[PDB]
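Engineer: Okay, handing you the structure first.
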Amino acid sequence: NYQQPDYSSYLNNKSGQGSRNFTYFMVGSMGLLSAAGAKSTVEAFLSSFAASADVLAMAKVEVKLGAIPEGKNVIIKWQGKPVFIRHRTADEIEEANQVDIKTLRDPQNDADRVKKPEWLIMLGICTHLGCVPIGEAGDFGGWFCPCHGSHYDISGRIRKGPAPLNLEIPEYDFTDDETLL
Amino acid sequence: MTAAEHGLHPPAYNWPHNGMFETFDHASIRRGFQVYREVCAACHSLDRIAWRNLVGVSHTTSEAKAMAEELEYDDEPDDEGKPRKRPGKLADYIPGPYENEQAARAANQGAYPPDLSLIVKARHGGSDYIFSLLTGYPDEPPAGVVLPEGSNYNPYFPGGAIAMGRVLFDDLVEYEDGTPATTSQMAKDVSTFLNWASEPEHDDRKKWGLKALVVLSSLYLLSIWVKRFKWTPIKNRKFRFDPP
Amino acid sequence: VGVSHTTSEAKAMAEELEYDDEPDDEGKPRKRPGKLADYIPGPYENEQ
Amino acid sequence: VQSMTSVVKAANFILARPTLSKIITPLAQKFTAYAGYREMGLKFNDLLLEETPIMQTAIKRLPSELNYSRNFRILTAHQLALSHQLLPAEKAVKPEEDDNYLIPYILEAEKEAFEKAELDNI
Amino acid sequence: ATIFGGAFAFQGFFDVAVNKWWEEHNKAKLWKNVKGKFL
Amino acid sequence: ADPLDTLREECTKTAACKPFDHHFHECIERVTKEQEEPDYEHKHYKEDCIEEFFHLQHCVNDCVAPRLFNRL
Amino acid sequence: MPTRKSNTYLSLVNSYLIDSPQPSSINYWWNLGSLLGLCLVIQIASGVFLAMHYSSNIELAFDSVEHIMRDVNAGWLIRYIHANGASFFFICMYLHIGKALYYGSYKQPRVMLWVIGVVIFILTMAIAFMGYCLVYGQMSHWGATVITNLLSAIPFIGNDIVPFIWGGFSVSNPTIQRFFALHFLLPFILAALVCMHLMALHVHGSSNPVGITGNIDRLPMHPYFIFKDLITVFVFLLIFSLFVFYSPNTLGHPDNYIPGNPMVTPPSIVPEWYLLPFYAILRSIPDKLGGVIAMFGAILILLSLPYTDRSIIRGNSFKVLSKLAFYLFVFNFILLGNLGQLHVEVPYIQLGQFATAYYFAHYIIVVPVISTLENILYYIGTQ
Amino acid sequence: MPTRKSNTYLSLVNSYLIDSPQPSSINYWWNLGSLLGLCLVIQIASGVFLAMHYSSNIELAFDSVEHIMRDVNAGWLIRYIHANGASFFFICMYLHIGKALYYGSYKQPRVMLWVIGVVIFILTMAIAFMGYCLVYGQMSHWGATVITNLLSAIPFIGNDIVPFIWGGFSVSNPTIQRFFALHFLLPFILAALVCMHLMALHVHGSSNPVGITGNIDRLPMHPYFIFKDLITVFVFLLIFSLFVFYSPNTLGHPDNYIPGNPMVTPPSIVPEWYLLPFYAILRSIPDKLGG
Amino acid sequence: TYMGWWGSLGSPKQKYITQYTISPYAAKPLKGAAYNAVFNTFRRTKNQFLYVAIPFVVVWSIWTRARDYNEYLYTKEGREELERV
Ligand code: HEC
Ligand code: HEM
Ligand code: HEM
Ligand code: HEM
Ligand code: HEM
Ligand code: FES
């Protein structure tokens with residue numbers, strides 16, 4: 001139709017696939033570098049949601065242990081959740097001696113739920129809709145979940161109610177008249 | 001203001017941690033912490049630094065916990081309700097020498113030695129200033145200047161009169177690593193330690209900054225190339241206007 | 001004041017009690033007679 | 001915005017007086033040379049603020065050839081500003097070609113608008 | 001998608017490169033290298 | 001001896017710092033003379049050498065700053 | 001039609017981002033708009049992550065900020081982002097006003113846009129200032145006190161408005177709490193004003209560095225001016241990282257790290273740098289009421305600008321004298337900003353008075369006189 | 001053209017309020033939307049005036065609320081509004097969903113609209129719940145605790161997401177502070193969602209009680225359905241006053257006025273009334289993840 | 001309005017103008033970026049320098065005189081002149 005301007009100089013020296021491949025590589029590299037930067041920024045921000053150093057330091061705090069009446073259930077505030085530190089007498093140990101492989105959502109024994117009967121540690125938070133169980137209303141003789149009436153055994157096992165598991169035992173270690181979390 | 005009120009401008013010492021890619025000389029942080037406990041703690045609070053902050057920075061967790069033990073801290077009253085005291089633990093904040101501002105002012109002729117946990121970010125010269133403040137005391141004040149009783153002359157202090165008076169003297173502290181304890185060296189250690197206490201994120205901050213510069217610079221170069229490439233069609237347009 | 005007691009009565013009831021003030025400049029604890037702005041005090045220092 | 005009629009009134013007020021003419025006109029040519037619009041292919045009347053009803057009417061009443069020439073000059077100016085380059089001196093719009101082609105239509109539009117305003121307040 | 005997967009690759013590459021260059025540029029200053037002199 | 005004192009001594013001896021040091025000592029002498037006159041405590045403007053001291057200290061700091069920490 | 005046009009929300013996104021017919025000759029200055037939006041996101045995003053840890057009580061504000069700095073995992077990063085990002089927000093906004101002043105972006109077709117611009121500016125200043133008051137450092141508290149005391153200069157309502165502003169008898173807990181609430185809020189009102197800004201832009205489109213109509217040659221936005229916006233955004237973030245990670249406190253004032261103490265005033269009271277110019281104007285006028293009126297005029301006169309600019313040609317790019325006038329005005333503005341942080345002293349009081357005089361004279365004399373003179377010079381030159 | 005159409009801002013206001021061609025046969029139920037919008041304002045308005053006095057610290061949240069009630073001039077009014085107005089916000093939202101379920105307002109031409117509706121619903125619930133947690137009463141605290149414990153049931157991420165929510169190891173100061181921040185915020189996200197709702201409504205218009213097309217007979221909105229909106233608004237405000245001024249705590253739970261104490265769980269845990277149905281569903285399924 | 005959508009942007013009837021271009025993949029990217037960014041940038045700076053220099057020179061001269069006078073006032077020899085002001 002008419003003469004076009006000469007692009008001779010403007011032309012690339014690459015082949016059809018080479019130039020397209022390089023352009024797509026550069027665009028993809030930009031996209032993935034942006035993805036990496038956005039991931040770094042978003043992870044750094046979301047790490048703010050995580051427990052600050054203050055909260056981490058406050059947790060794993062030892063409890064002032066010592067002599068207490070046998071069978072009495074003490075209370076603590078380790079990591080917010082109440083801790084039902086109770087020095088169940090030899091009667092509780094004897095009762096727990098009766099094993100139970102059936103009629104128990106999670107059959108267990110004081111062998112693993114406690115280190116020594118002279119000091120029994122168990123978080124008071126319940127299983128279903130975690131609540132603080134009553135220290136004497138348990139149908140099984142231990143703690144009772146007031147919200148659903150669930151009964152917690154003297155060994156912490158879930159006897160009856162909506163309990164999804166057994167009464168959690170914190171990771172607290174024992175020592176000479178001290179609690180070592 | 002006259003030069004004196006603004007305070008002599010501290011110079012720029014080539015700190016080990018000045019450049020964009022250098023950390024605190026954690027040896028210097030520990031040495032400055034020793035200088036602090038040995039000299040400053042008599043007057044200055046430095047409350048915002050918890051013993052846990054020193055684990056992995058200048059003291060092993062065992063050393064920090066041990067240091068925390070010697071001190072006593074308020075505890076929730078006993079079962080009867082009487083006051084109780086407990087040995088310090090890592091989570092506890094370093095305690096100042098004075099219970100409140102009133103006690104500090106009473107014990108320092110009314111001057112209130114400010115908390116040092118932010119003194120580096122709360123002064124114009126930053127670390128330099130602190131160093132210049134500690135080693136700026138001249139043996140003989142410049143002639144003609146009369147200081148209020150109890151005040152000491154230091155040109156780097158705004159107004160020229162500072163109540164602190166020289167504290168760092170040669171061989172005042174026996175450093176753990178056998179480092180000589182010249183007053184200049186001690187000022188350097190305390191300045192570095194206070195700068196850390198004021199900027200504990202400094203090391204991680206600058207490492208993250210290096211990562212960010214690398215990523216954003218590569219991405220910016222990629223963006224330049226992509227834009228120039230994709231605009232070549234427009235920047236290479238050629239027109240013709242051929243009416244009758 | 002204006003609900004069940006005239007301001008004078010409330011003020012007088014305030015002086016009848018003791019409250020903790022900012023400790024004296026010597027650092028010793030100090031106490032002051034109550035004033036209107038003060039909250040009514042409970043009979044126990046804490047839940048314990 | 002200053003109505004073009006007022007601009008021409010001021011321009012003839014200055015031009016009529018030989019002293020003001022001899023002073024300004026050299027500065028006028030120098031200012032239009034330093035303005036830098038001519039090196040981009042634009043005549044003066046291309047720069048005029050188009051987004052006004054009077055100006056829009058004036059453009060709408062241009063002859064076809066002037067309209068197409070204006071379109072091409074504006075397009076060339078846009079391309080030059082886009083590529084960050086200027087026309088060579090031989091291709092730039094010479095002072096003689098900066099011919100004030102659009103002013104007559106703008107003045108006619110201004111006259112119509114002013115007559116309408118005057119009669120509306122008769 | 002594969003964008004999220006490649007984010008791991010790029011972030012990890014830059015992260016390891018920087019952590020390895022930084023602890024080499026500052027090895028004389030880091031606590032993990034200085035704690036021995038104070039032990 | 002601490003490196004800072006010896007660096008200060010070296011720098012004040014430098015030719016660049018010499019004029020400021022000379023001015024500072026002359027000012028010290030003049031201020032002492034002013035203090036000698038018995039009506040000194042009546043004078044409204046009691047001269048002081050803070051400015052000369054500041055100039056000397058700035059000129060000395062510009063020298064010590066870069067070199068100080070190489071000694072520590 | 002394509003999904004990007006049939007769907008309503010994608011249709012809006014297309015109208016504003018993918019197919020918006022930008023002129024082809026726009027410089028990088030036109031990218032500043034995008035940056036501002038990005039900054040508006042950052043200020044919000046990081047901002048929301050500071051309210052998750054900031055405690056607005058007066059006895060906890062500064063300590064809460066320090067808790068963010070030292071205790072929260074990335075708290076130092078979020079705080080530095082939120083502060084230096086406000087500073088960069090104002091840098092980009094000043095550049096976006098300077099561009100709109102240099103090119104006649106404020107002229108006939110876009111006056112409404114310009115007006116919204118000014119409002120945004122006004123609003124932003126408040127936000128920024130209010131945010132500063134939240135740190136409750138020395139400079140924070142005393143800046144709040146000075147602003148309230150000056151606002152107490154209203155003829156009759158002044159004595160009654162200030163206690164409402166304080167919520168008490170001096171800058172105290174109610175003041176800081178209400179500043180926190182209004183500071184969290186007003187950014188979203190500003191987002192609404194930004195959407196209004198974008199609609200007022202879309203109705204008539206954006207201007208050109210040449211000023212002439214762009215309709216003859218326009219380009220889509222998705223292939224073009226999106227990857228230009230990416231260049232500008234990455235340059236912005238690169239400099240923002242140079243600041244945030246290295247020397248983050250350069251723009252801030254050291255005294256702000258001293259917890260606020262009403263009983264001891266700091267040696268000098270200065271806003272954050274971006275408010276210094278207006279502050280200077282405020283101190284140039286002796287009367288407090290006159291000072292406040294002149295301060296607010298220093299912003300609101302931008303509204304008068306589109307009518308005082310009597311130029312038939314949009315923009316400065318092709319105007320000699322107008323470019324000298326604009327650069328003189330910009331440098332006087334920087335001089336006012338500099339005087340903002342300097343003490344009231346012998347030469348500086350007179351220099352600030354002259355600087356304010358010329359700052360207003362620009363708008364009310366120089367722009368009209370220069371524009372008219374240049375119109376006449378243009379017409380005489382072509383004939 | 002008229003100023004109400006030439007100006008873009010007034011053009012939008014006209015398209016949505018003054019000339020929106022509403023069908024002529026819409027009942028009073030179609031007014032609920034306006035009320036919801038009104039309530040969104042009220043929730044925000046009173047809300048912005050509570051944060052000016054609310055202190056989000058866990059040791060100050062409840063005392064700060066009581067300071068609002070007792071010390072702030074109209075603080076009792078602002079709190080009772082912000083609370084009973086949330087209850088009424090959900091009353092009107094349930095009525096707006098019931099209307100959309102009875103009349104087929106969710107059917108073909110408006111499916112998109114319906115979707116935003118649902119999202120709004122979801123988002124709103126969060127906001128409301130989160131705001132309730134700010135009071136930090138017994139029921140407030142234990143509702144937060146139960147919610148987070150249930151969300152702890154996600155298969156693998158559950159054990160890790162909860163600390164990110166709690167900001168710690170249990171509902172504590174970080175949890176209340178983040179709830180306050182996100183609660184101040186999410187209402188504006190909800191305002192944006194409401195704008196999207198209105199856009200999806202304007203694209204295809206509103207339905208009819210008869211269901212058939214309204215295009216045959218449509219009425220403007222300024223003289224019609226704005227004055228119907230006023231009847232509905234004034235009835236809403238009259239009932240809202242009967243609640244706010246008389247028996248304002250009827251909808252709330254008394255236990256929420258006991259400051260939160262983790263060491264004593266109250267006799268029963270119930271959400272605020274409008275979330276009770278879903279809560280019931282949650283308890284109907286035994287498995288926590290199932291629930 | 002003064003800018004429609006793509007179909008009708010408000011441009012006058014445009015005719016007789018032919019626009020040529022080549023594919024980006026067929027064109028050399030960053031051809032003379034090295035030479036252009038130096039020579040053309042210097043040309044642009046040369047053209048626009050005076051407009052930024054004359055105002056800058058004036059303002060910075062005023063600032064320098066003011067700053068120098070202020071420095072002079074707060075000195076032992078500037079005491080009397082400071083007092084007179
Ligand atoms: C005893 C008294 C001490 C000791 C042992 C230390 N500090 Fe000081 N210091 C002290 C007071 C009462 C004051 C207030 C002076 C005033 O005029 O307000 C100060 C001052 C400081 C400052 C502030 C300087 C300034 O704001 O310009 C700093 C910084 C400072 N002191 C540092 C510091 C260091 C590093 C110490 C190490 C042992 C130290 N002080 C000890 C009182 C006393
Ligand atoms: C958050 C703050 C702001 C945002 C997000 C914003 C948004 C935008 C956008 C997207 C553009 C188009 C791109 C461009 O022209 O650069 C633009 C241009 C513009 N900006 Fe803003 N703006 C903001 C603040 C302001 C302010 C405070 C002013 C003036 C006081 C202003 C004045 C303008 C004007 C007049 C234009 C039109 C430019 C032209 O057409 O030449 N803007 N803005
Ligand atoms: C354009 C919008 C905004 C601007 C320009 C802005 C600017 C600022 C500035 C300059 C500060 C001073 C902080 C400092 O110097 O340390 C500040 C503080 C603050 N801002 Fe913003 N802000 C904006 C929006 C927001 C939003 C949406 C939030 C939401 C939470 C927010 C939350 C805060 C908080 C909590 C502080 C306290 C500062 C601190 O604790 O360090 N801001 N803001
Ligand atoms: C649709 C949006 C919103 C809904 C449905 C809503 C609902 C609620 C509800 C039910 C409460 C419980 C208060 C109580 O039981 O005492 C609450 C608390 C609260 N809300 Fe809102 N809210 C909304 C938006 C907002 C906004 C925008 C703010 C802005 C500040 C806000 C601020 C607050 C505050 C500060 C509280 C604490 C309650 C108190 O201190 O008494 N809310 N909200
Ligand atoms: C703040 C909350 C809301 C506001 C302000 C709002 C706004 C509106 C408005 C103004 C109308 C027109 C009047 C009417 O038809 O009643 C409307 C109708 C509608 N509402 Fe909403 N809406 C909200 C929440 C919801 C929610 C949560 C849903 C469903 C889950 C929903 C579903 C609908 C539907 C489907 C329509 C169309 C009704 C029809 O055309 O027959 N809306 N909405
Ligand atoms: S209380 Fe809900 S199941 Fe244990």
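Ordering of the structure tokens sets the chain letters (A, B, ...), residue numbers begin anew at 1 in every chain, and ligands are numbered from 1 in the order given.
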Once you count only C-alpha atoms, which residues of chain D turn out to be within 7 Å of chain G? Could you give them as a ChimeraX atom specification?
Structural biologist: /D:1-2,7,10-11,25,28-29,31-32,34-37,46-51,71,75,78-79,81-82,98-100
Engineer: Please list as a PyMOL selection string every residue within 12 Å of residue B:8, counting only C-alpha atoms and excluding residues in the same chain fewer than 6 positions away.
Structural biologist: (chain B and resi 1-2+124-125+128-129+132-133+136+154-160) or (chain F and resi 50-59+61)
Engineer: Produce a table with one row for each residue of chain H that has an atom at most 7 Å from any atom of chain G, each row naming the nearest atom pair and its distance in Å at one decimal; use only C-alpha atoms; arrange rows by chain and rising residue number; format as JSON lines.
Structural biologist:
{"residue": "H:48", "atom": "CA", "partner": "G:181", "partner_atom": "CA", "distance": 6.6}
{"residue": "H:51", "atom": "CA", "partner": "G:181", "partner_atom": "CA", "distance": 5.6}
{"residue": "H:52", "atom": "CA", "partner": "G:178", "partner_atom": "CA", "distance": 4.2}
{"residue": "H:53", "atom": "CA", "partner": "G:177", "partner_atom": "CA", "distance": 6.2}
{"residue": "H:55", "atom": "CA", "partner": "G:57", "partner_atom": "CA", "distance": 6.5}
{"residue": "H:56", "atom": "CA", "partner": "G:55", "partner_atom": "CA", "distance": 6.6}
{"residue": "H:57", "atom": "CA", "partner": "G:55", "partner_atom": "CA", "distance": 6.6}
{"residue": "H:174", "atom": "CA", "partner": "G:53", "partner_atom": "CA", "distance": 6.9}
{"residue": "H:177", "atom": "CA", "partner": "G:52", "partner_atom": "CA", "distance": 5.2}
{"residue": "H:178", "atom": "CA", "partner": "G:52", "partner_atom": "CA", "distance": 4.2}
{"residue": "H:181", "atom": "CA", "partner": "G:52", "partner_atom": "CA", "distance": 5.3}
Engineer: Keeping only N, CA and C atoms, write the selected residues as a CSV table (one decimal), in the first residue's frame.
Structural biologist:
chain,number,residue,atom,x,y,z
H,48,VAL,N,-17.6,4.5,67.7
H,48,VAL,CA,-16.5,5.4,67.6
H,48,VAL,C,-16.4,6.3,68.9
H,51,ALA,N,-14.8,3.8,71.8
H,51,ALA,CA,-13.4,3.6,71.8
H,51,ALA,C,-12.7,4.9,72.3
H,52,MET,N,-13.3,6.0,72.3
H,52,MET,CA,-12.7,7.2,72.8
H,52,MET,C,-12.6,7.1,74.3
H,53,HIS,N,-13.2,6.2,74.9
H,53,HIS,CA,-13.2,6.0,76.4
H,53,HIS,C,-12.8,4.6,76.8
H,55,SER,N,-10.7,1.4,77.2
H,55,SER,CA,-9.3,1.0,77.3
H,55,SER,C,-9.1,-0.5,77.2
H,56,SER,N,-8.4,-1.0,76.2
H,56,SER,CA,-8.4,-2.4,75.8
H,56,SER,C,-7.6,-3.3,76.7
H,57,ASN,N,-6.9,-2.7,77.6
H,57,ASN,CA,-6.1,-3.6,78.5
H,57,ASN,C,-7.0,-4.5,79.3
H,174,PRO,N,-3.2,-9.8,75.3
H,174,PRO,CA,-3.0,-9.7,73.8
H,174,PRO,C,-4.3,-10.0,73.1
H,177,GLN,N,-6.7,-7.1,73.3
H,177,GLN,CA,-6.2,-5.9,72.5
H,177,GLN,C,-6.4,-6.2,71.0
H,178,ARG,N,-6.1,-7.4,70.5
H,178,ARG,CA,-6.3,-7.6,69.1
H,178,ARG,C,-7.8,-7.7,68.8
H,181,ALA,N,-8.8,-4.1,68.3
H,181,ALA,CA,-8.3,-3.5,67.1
H,181,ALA,C,-9.1,-4.0,65.9
Engineer: So, with only C-alpha atoms and all ligand atoms as the atoms that count, which of A:81, A:151, A:39, A:14 lies closest to ligand 6?
Structural biologist: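 Under the stated criterion, the closest residue is A:151.
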Engineer: Enumerate as a count of residues only the residues within 7 Å of ligand 2, counting only C-alpha atoms and all ligand atoms.
Structural biologist: 33
Engineer: Using 8 Å as the limit and counting only C-alpha atoms and all ligand atoms, can you tabulate each residue of chain G that touches ligand 3, with its shortest atom-to-atom distance in Å and the two atoms involved, as a tab-separated table?
Structural biologist:
residue	atom	partner	partner_atom_place_in_ligand_line	distance
G:39	CA	ligand 3	1 (C)	7.3
G:40	CA	ligand 3	1 (C)	4.9
G:41	CA	ligand 3	1 (C)	7.9
G:43	CA	ligand 3	23 (C)	4.6
G:44	CA	ligand 3	27 (C)	3.6
G:45	CA	ligand 3	27 (C)	6.8
G:46	CA	ligand 3	28 (C)	7.2
G:47	CA	ligand 3	28 (C)	3.5
G:48	CA	ligand 3	30 (C)	3.6
G:49	CA	ligand 3	30 (C)	6.4
G:50	CA	ligand 3	35 (C)	4.5
G:51	CA	ligand 3	35 (C)	4.2
G:52	CA	ligand 3	30 (C)	7.6
G:53	CA	ligand 3	35 (C)	7.8
G:54	CA	ligand 3	40 (O)	5.5
G:61	CA	ligand 3	40 (O)	7.3
G:62	CA	ligand 3	40 (O)	7.5
G:64	CA	ligand 3	40 (O)	7.1
G:65	CA	ligand 3	40 (O)	4.6
G:68	CA	ligand 3	40 (O)	7.5
G:79	CA	ligand 3	41 (O)	5.1
G:80	CA	ligand 3	16 (O)	7.2
G:82	CA	ligand 3	43 (N)	6.2
G:83	CA	ligand 3	13 (C)	4.6
G:84	CA	ligand 3	10 (C)	7.3
G:85	CA	ligand 3	7 (C)	7.4
G:86	CA	ligand 3	5 (C)	4.5
G:87	CA	ligand 3	10 (C)	6.4
G:89	CA	ligand 3	5 (C)	6.3
G:90	CA	ligand 3	5 (C)	7.3
G:124	CA	ligand 3	5 (C)	5.8
G:125	CA	ligand 3	5 (C)	7.3
G:127	CA	ligand 3	4 (C)	5.7
G:128	CA	ligand 3	7 (C)	4.2
G:129	CA	ligand 3	10 (C)	6.7
G:130	CA	ligand 3	17 (C)	7.3
G:131	CA	ligand 3	17 (C)	3.6
G:132	CA	ligand 3	12 (C)	3.8
G:133	CA	ligand 3	12 (C)	7.3
G:134	CA	ligand 3	37 (C)	5.0
G:135	CA	ligand 3	38 (C)	5.1
G:180	CA	ligand 3	35 (C)	7.0
G:183	CA	ligand 3	42 (N)	6.0
G:184	CA	ligand 3	29 (C)	4.5
G:185	CA	ligand 3	27 (C)	6.7
G:186	CA	ligand 3	24 (C)	7.5
G:187	CA	ligand 3	2 (C)	4.6
G:188	CA	ligand 3	27 (C)	6.7
G:190	CA	ligand 3	1 (C)	7.0
G:252	CA	ligand 3	15 (O)	6.7
G:272	CA	ligand 3	10 (C)	7.6
